[PDB]
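Residue numbers (the deposited numbering): 50 to 461, 466 to 573, 576 to 860. Note that the Cβ used here is the ideal one computed from N, Cα and C, for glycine as well. Since the structure comes first, as structure tokens, the remarks are kept for the end.
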Amino acid sequence: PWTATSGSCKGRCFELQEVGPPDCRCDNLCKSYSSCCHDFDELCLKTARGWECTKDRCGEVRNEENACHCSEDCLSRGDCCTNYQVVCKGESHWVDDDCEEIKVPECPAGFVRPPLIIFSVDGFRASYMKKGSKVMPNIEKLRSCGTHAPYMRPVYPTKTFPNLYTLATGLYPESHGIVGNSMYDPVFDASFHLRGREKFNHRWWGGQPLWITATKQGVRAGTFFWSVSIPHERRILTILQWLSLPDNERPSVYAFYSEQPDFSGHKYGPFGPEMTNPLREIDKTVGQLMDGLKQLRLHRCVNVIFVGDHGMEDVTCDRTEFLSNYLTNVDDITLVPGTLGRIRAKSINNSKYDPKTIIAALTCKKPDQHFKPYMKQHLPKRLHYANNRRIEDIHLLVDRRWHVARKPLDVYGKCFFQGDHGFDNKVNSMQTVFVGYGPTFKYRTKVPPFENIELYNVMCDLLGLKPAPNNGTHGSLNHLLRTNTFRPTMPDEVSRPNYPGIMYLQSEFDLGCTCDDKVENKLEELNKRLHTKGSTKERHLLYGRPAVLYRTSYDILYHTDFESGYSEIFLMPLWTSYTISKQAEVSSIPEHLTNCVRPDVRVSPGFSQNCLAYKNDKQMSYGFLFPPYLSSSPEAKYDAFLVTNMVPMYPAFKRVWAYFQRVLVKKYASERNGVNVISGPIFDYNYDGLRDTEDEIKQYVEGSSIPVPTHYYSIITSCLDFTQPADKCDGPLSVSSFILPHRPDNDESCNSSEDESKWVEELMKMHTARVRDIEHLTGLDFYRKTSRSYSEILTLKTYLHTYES
Ligand SMILES: *[C@@H]1O[C@H](CO)[C@@H](O[C@@H]2O[C@H](CO)[C@@H](O[C@@H]3O[C@H](CO[C@H]4O[C@H](CO[C@H]5O[C@H](CO)[C@@H](O)[C@H](O)[C@@H]5O)[C@@H](O)[C@H](O[C@H]5O[C@H](CO)[C@@H](O)[C@H](O)[C@@H]5O[C@H]5O[C@H](CO)[C@@H](O)[C@H](O)[C@@H]5O)[C@@H]4O)[C@@H](O)[C@H](O[C@H]4O[C@H](CO)[C@@H](O)[C@H](O)[C@@H]4O[C@H]4O[C@H](CO)[C@@H](O)[C@H](O)[C@@H]4O)[C@@H]3O)[C@H](O)[C@H]2NC(C)=O)[C@H](O)[C@H]1NC(C)=O
Ligand SMILES: NS(=O)(=O)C1CCN(C(=O)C2CC3=C(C2)CN(C(=O)c2cc(OCC4CCOCC4)nc(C4CC4)c2)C3)CC1
Ligand SMILES: [Ca+2]
Ligand SMILES: [Ca+2]
Ligand SMILES: [Cl-]
Ligand SMILES: [K+]
Ligand code: NA
Ligand SMILES: [Zn+2]
């Protein structure tokens, strides 16, 4: 829209509030709206004499034409060149100073809290920290002397706006709404693009980003965004000038963004020899900032975060898959292409368009096919990439180093580029960086890798703000912090369990399936009773029972080898917990326990499954949560065939589940010196990442009230010190978990005609999960009763086992 650009920026340069149409603008974003006053360049973007003081300029008379100053008044004016005190007052560059612990904020009088400066680097791959260390001394000083992770995991897709906005909000893209760098919203009937004006409309941007959270709570925020044409040196000088403002106008939070190294990375690849110079240049910018802070006596006052959005992979246009090689109908689709694919109908008036036929035509068609198609609800749940109408139903997960495109003309265009990003967020090349330096961060401390969704909470903790509701786990990053830790309380248990005893006779049941229990001494008779009353429960429930965080009716069921929380509403366990020692033996299913299920005399027939429904349902079979293969004794093996341990399983999924239970659990116990396993169903028919209520379930076992899970989870816990057995661990724990999709075929696994040893593990790795993912999906809270700090437990709950080298 039109602006009066006739007015002036005099005494307004980089003003901290964005003035409306009646005026022309002088803020750091004015150029991006073509709204600056005519004299913005002249007054606000000075360049004369460059960015550095020289000996000749020391004690110059102030000339207001200069980009920066070397006059005696510059310190109190806050506009010296960042090297002024080095060149003119015999001081050292910050990077040449030994690091010294910052135990408290050393701030000028009138500072109410340490400022936070967020320095974001686009496309800064995690491995640049080591690989570029010789050319980035300032960054290396921040890293070594402050708090750093070896890498930080971005969100999917590993694109720029989704990640930058996740850093801003603590939200998954599905929640904040920036699901891609390009998007179509069918409700608005509008398109969002990198180029163009639509991206500036507020309706795209969900959640509450840090600058708003700060403003709403009375903390002044620096104008976060810089028009691209403003040179980095000017952005630095501007932040330092703002930090020199009076107490009642000075921001408490600042942001710097660099388009490098992403710009060069796309052209040259992540490690192209051309990459050295951009890394040197970013390091020089960091050194300007630190030297400038040091001049202002703020270098032991501010907290600095050095963070990236995502990494960068080698991708060249010869590694392109074309949908025109697969689809005969290729002109009837719209593709959002590149390092991910999203497909929809070109016209909503095409009644032929059929997603099922599209998926089929894209599935395992070429031997080394470098993408895989998914309906979005079938994507790995760790990606949290489905619950937004801007995400098309059909998704293509693209292999690292490749692109997908609709037709070969479209690519001639990725042949002028050698790098890209966007792939699955567990891919090593997509990982990025985190360093925190300052009074509130720890000193010379390495922390484990963590996800970028956690940072918003921490930025809030650094500024004294209450975060808006978000997808971080607040407290899981307390180990990065010297002070201002957030100490939450465990959620309160909402439903208390029943503990049913023996209440039903065998003949009350009509299961249609019933084992012929033929076997029939008081040493063992009291033993069986004590096991049913929970005498072995300390062995199998190592960390307390899970708490149920919603209103329901459920029963705790005790057994020799396993304990369960059985839902009377869903007719199956919510959780089954058991411990397998390193010594445990695997056994096979005896004939008196084949093709049959036993009534559980603690649970009414009306609250039990039955076998007739499985017989009648020609598509659905059943498996067991506690694995009968791992029963401790032949007497205990009967418990594994109780109807209360049965769950609905498609025969295709049974292949996966049996291999897990019969092969992998024991392998893990051998490798990890025992494991504790908690397994159960998940119902997420509306693909929102949250536990379904009973009225959301779309599929039941034929002719019954038995709901069919969308997924099966397992949480596998052992001692981080693997010289201690899982059931006698004195210290921190180790965990890996999965959320496997409960699918009626193995179309996902292109090698599934082979033996399970050639494909099931690969599937499970792709569907690796955090405990916290499982908690959202089940309304359960785990690790209630450990010896450990609750924040250490929150860290453990956010861990993801990625399987990357
Ligand atoms: C990740 O973390 C996030 C954040 O915690 C989790 O996301 C939250 O999840 C909740 C459950 O799905 C969801 O609760 C909704 O809220 C509905 C109100 O939503 C609107 O207002 C929200 C609050 O706005 C105000 O406050 C904030 C505070 O900071 C300010 O910044 C605001 O400016 C306001 O002052 C607002 O956040 C929300 O934003 C969404 O929608 C926008 C479009 O308007 C998008 O721009 C934005 O990106 C958000 O979009 C996401 O979320 C929506 C779902 O809301 C989703 O569809 C999108 O795909 C996208 O994912 C809205 O503007 C409320 O109406 C809902 O109530 C129904 O269900 C409840 C259950 O208790 C019923 O009891 C209730 O009766 C009600 O039923 C009625 O309506 C039904 C639905 O239409 C209808 O069918 C029925 O018959 C009834 O009539 C429910 O409470 C939060 O909205 C959501 N927040 C965000 C930001 O996403 C997320 O779950 C976490 N993920 C995981 C995996 O853990
Ligand atoms: N990869 S690619 O897309 O092929 C490539 C294309 C070319 N390209 C550009 O044109 C850049 C993209 C971009 C520019 C210019 C300026 N810019 C911001 O000023 C910004 C900062 C921010 O910072 C958010 C901060 C929140 C706190 O944590 C640190 C980040 N957030 C947001 C928007 C999300 C709101 C925006 C983002 C680079 C990327
Ligand atoms: Ca980026
Ligand atoms: Ca759900
Ligand atoms: Cl995209
Ligand atoms: K069946
Ligand atoms: Na297959
Ligand atoms: Zn990029």
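Excluding the 5 residues preceding and the 5 following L855 in the sequence, name in chain order all residues of the same chain whose CB lies nearer than 8 Å to its CB.
-> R202, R431, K479, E504, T823, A824, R825
Which of helix, strand or coil DSSP assigns to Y233 | strand
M483 - DSSP class collapsed to helix/strand/coil | helix
Run the CB neighbour count on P683, radius 10 Å, all protein chains shown included, and call it buried at 16 or more, exposed below.
-> buried
How is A217 classed by DSSP in three states: helix, strand or coil?
-> helix
Does the count of Cβ pairs from the segment 706–720 and the segment 741–752 closer than 8 Å reach three?
-> These segments do not touch.
Should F738 and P762 be called a contact, given that it needs their Cβ atoms to be closer than 8 Å?
-> Yes, Cβ-Cβ distance for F738 and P762 is below 8 Å.
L629, DSSP secondary structure in three states | Looking at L629 - three-state DSSP - the assignment turns out to be strand.
In its own chain, which residues sit with a C-beta less than 7 Å from the C-beta of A454, not counting the 5 before and 5 after it?
-> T369, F371, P386, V460
Counting Cβ pairs, one atom from each stretch, are 3 or more of them under 8 Å apart for the segment 241–257 and the segment 271–288?
-> Fewer than three Cβ pairs drawn from the segment 241–257 and the segment 271–288 lie within less than 8 Å of each other, which leaves the two stretches out of contact.
Meets three-Cβ-pair contact criterion under 8 Å: the segment 727–734 and the segment 762–779 = yes
Could you please give me the residues that DSSP links to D836 through a beta bridge?
-> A602
Which of the three DSSP states, helix, strand or coil, is assigned to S687?
-> coil
With respect to the beta strand (DSSP E) encompassing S769, which residues constitute its N-terminal and C-terminal limits?
-> 766–774
Residue burial classification, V720 (beta-carbon count within 10 angstroms, cutoff 16) = Counting Cβ neighbours within 10 Å, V720 comes out buried, since at least 16 surround it.
What residues match up with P50 in a beta bridge as DSSP calls it?
-> None, per the DSSP bridge assignment.
When DSSP labels each residue in this structure, what does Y306 get in the three-state scheme?
-> strand
Helix or strand or just coil, what does DSSP make of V353?
-> strand
Between which two residues does the alpha helix (DSSP H) carrying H281 extend?
-> 281–292
Quick one, are the C-beta atoms of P764 and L775 less than 8 Å apart?
-> no
Near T218, what residues of its chain come up, given a Cβ to Cβ distance below 7 Å and the 5 sequence neighbours on each side ignored?
-> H225, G256, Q257, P258, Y509, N523
Does ligand 5 have even one heavy atom less than 7 Å from the beta-carbon of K208?
-> yes
Quiz: which residues have CB nearer than 5 Å to ligand 4 non-hydrogen atoms = Result: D739, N741, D743, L745, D747.
Could you tell me whether any non-hydrogen atom of ligand 3 is closer than 7 Å to the CB of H315?
-> No, the beta carbon of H315 sits no closer than 7 Å to any heavy atom of ligand 3.
Proximity of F494 and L534 at Cβ, strictly below 8 Å | In contact: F494 and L534 (Cβ atoms closer than 8 Å).
Residues proximal to ligand 5 by C-beta, any heavy atom closer than 5 Å = The answer, residue by residue, is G229, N230, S231.
Using a Cβ-Cβ cut-off of 8 Å (strictly less than) and excluding sequence neighbours within five positions of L384, which residues of its own chain qualify?
-> The answer, listed in chain order, is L372, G390, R391, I392, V453, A454, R455.
Indicate whether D514 and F487 have their beta-carbon atoms separated by less than 8 Å.
-> no
Tell me which same chain residues have a C-beta within less than 7 Å of the C-beta of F210, skipping the five on either side of it?
-> The answer, listed in chain order, is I227, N230.
May I ask whether a heavy atom of ligand 8 can be found less than 7 Å away from the beta carbon of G387?
-> no
Just curious, the alpha helix (DSSP H) that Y317 is in, first and last residue?
-> Counting along the chain, the alpha helix (DSSP H) containing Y317 begins and ends at 311–317.
If we ignore side chains and look at the alpha-carbon of each, how far apart do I354 and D72 end up?
-> 35 Å
Is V488 helix, strand or coil by DSSP?
-> strand
Which partner residues of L612 appear in the DSSP bridge assignment?
-> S619
Just to confirm, does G172 get its C-beta within under 7 Å of one of the non-hydrogen atoms of ligand 8?
-> Flag set: Cβ of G172 near ligand 8.
Would you check if the distance between the CB atom of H315 and the CB atom of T207 is smaller than 8 Å?
-> no
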